[PDB]
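[1] let's see this in three dimensions:
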Amino acid sequence: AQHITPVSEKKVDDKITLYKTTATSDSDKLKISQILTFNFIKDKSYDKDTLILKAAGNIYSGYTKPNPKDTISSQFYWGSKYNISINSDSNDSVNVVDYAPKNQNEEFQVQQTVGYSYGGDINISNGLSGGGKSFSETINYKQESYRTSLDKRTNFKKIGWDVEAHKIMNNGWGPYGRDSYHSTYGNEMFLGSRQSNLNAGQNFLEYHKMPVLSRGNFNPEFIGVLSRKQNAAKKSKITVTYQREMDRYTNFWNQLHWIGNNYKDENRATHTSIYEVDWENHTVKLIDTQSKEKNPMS
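    Numbers count the residues shown, from 1 in each chain. Provided below are the atomic coordinates:
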């Protein structure tokens, strides 16, 4: 589905006006949904428009439960990495001026507030600040066992955030990761027990003991702040891409003990939306949307 709310105009102070529009789009098939808040800022003392764009919504992990009847060897897909990107095109006068989170973060919950100040200054602060005086937008997301890092393509026209498995505990053992190595037991991140008597399909860490991001959903909350000189072209393009990367975890009984293995990037599911931004009218229009997945199931 797709939807765009009419513009919401609010006078922040005597000099700054907020023009807010919420755009949504999703893939029912991929269980990926985007909730984008376009906060256009207009300030009488600055000759550039400011757009504080919040990207939120949902990204299913892509997890598949292993068949409990599997004997000898079993396997499952799990969400190993999430990528959220925002890029600007079709207007050389539109630049990325700030974004949050700004630095690597492995805290269990990320909470920040981006604020706009008279003059065009963008400030940042930890935690969920006010609401208010002045305009501000917050980011709030849980990522237990995962780590946020900036995409290496982040530059003046593109911002990206990678949220990847980082320290996964298995019954007090770990922390494990996508490449944990053990000469005898392989990658034991989600292995049940080395001498388990159960079927292969039942010898995996209990679903509720796995991180929410590995087997459930990731609810991203990111902010990209862009600027545009007011004398430049009136329109531009904003592309927002939400993606989940899946790894295949496996187990195998070798006649003596269990062995676990993790095969990275076995599948990717992505939902992308392209919006035409009218900076003069503070409105957005969906240009197109694409949803894709190259190697589903198992």
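[2] okay, and the beta partners of residue 229?
    Assessed by DSSP bridges, residue 229 has beta-bridge partners residue 48.
[3] can I assume it is in contact with residue 47?
    Yes - using CB atoms under 8 Å, residue 229 is in contact with residue 47, at 6.5 Å. In short, each C-beta sits where N, CA and C put it, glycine included.
[4] so the two - more neighbours on which side?
    In this view residue 229 and residue 47 are compared by other CB atoms under 10 Å, and residue 229 has more residues nearby, 14 against 11.
[5] can you pull the buried residues of stretch 19-39?
    Neighbour counts over stretch 19-39 (16 or more other CB atoms under 10 Å) mark 19-27, 30-39 as buried.
[6] go on, stretch 161-174?
    The neighbour-count check on stretch 161-174 (16+ other CB under 10 Å) flags 161, 162, 163, 164, 165, 166, 168, 169, 170 as buried.
[7] return the member of the residues you listed nearest to residue 203.
    For these, the residue nearest residue 203 by CB to CB is residue 170; the value is 12.1 Å.
[8] how near is the nearest residue to that closest one once chain neighbours are set aside to residue 59?
    Nearest residue to residue 170 in three dimensions, chain neighbours excluded: residue 205, at 5.3 Å (CB to CB, 6 or more residues apart in numbering). Relative to residue 59, residue 205 is positioned 22 Å away (CB to CB, to the nearest Å).
[9] same question for residue 91.
    Distance, residue 91 to residue 59, using CB to CB: 28 Å.
[10] OK, contacts around residue 93?
    Applying CB atoms under 8 Å, 6 or more residues apart in numbering, we find residue 93 in contact with 228, 229, 232, 233.
[11] is it true that the first one touches residue 236?
    In this case it means residue 228. Yes - under the criterion of CB under 8 Å, residue 228 makes contact with residue 236 at 7.0 Å.
[12] find residues that contact each of the two.
    By CB under 8 Å, 6+ apart, residue 228 and residue 236 have these common neighbours: 91, 94, 279.
[13] out of those, the closest to residue 110 would be?
    Nearest member of these to residue 110, counting by CB to CB, is residue 94, at 26.3 Å.
[14] for the closest one, grab the count of nearby residues.
    Residue 94 has 26 nearby residues by other CB under 10 Å.
[15] repeat that for residue 121.
    Counted with other CB under 10 Å, residues neighbouring residue 121 total 11.
[16] how far away is it from residue 30?
    According to CB to CB, residue 121 and residue 30 sit 39 Å apart.
[17] same check on residue 163?
    Taking CB to CB, one finds residue 163 at 17 Å from residue 30.
[18] who does the lengthiest strand in the chain touch, helix- and strand-wise?
    When the chain is parsed with DSSP state E, its longest strand is strand 258-278. Contact here means 3 or more CB pairs under 8 Å, 6 or more residues apart in numbering; DSSP states H and E; on that basis strand 258-278 packs against strand 16-27, strand 32-43, strand 73-89, strand 235-253, strand 283-293.
[19] want to throw the ones you listed into JSON lines with distance to residue 216?
    What follows is these, written out as JSON lines (distance: least, CB to CB, whole Å):
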{"stretch": "strand 16-27", "distance to residue 216": "17"}
{"stretch": "strand 32-43", "distance to residue 216": "14"}
{"stretch": "strand 73-89", "distance to residue 216": "8"}
{"stretch": "strand 235-253", "distance to residue 216": "12"}
{"stretch": "strand 283-293", "distance to residue 216": "18"}
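[20] if anything else comes up later, I'll come back, but that's it for now.
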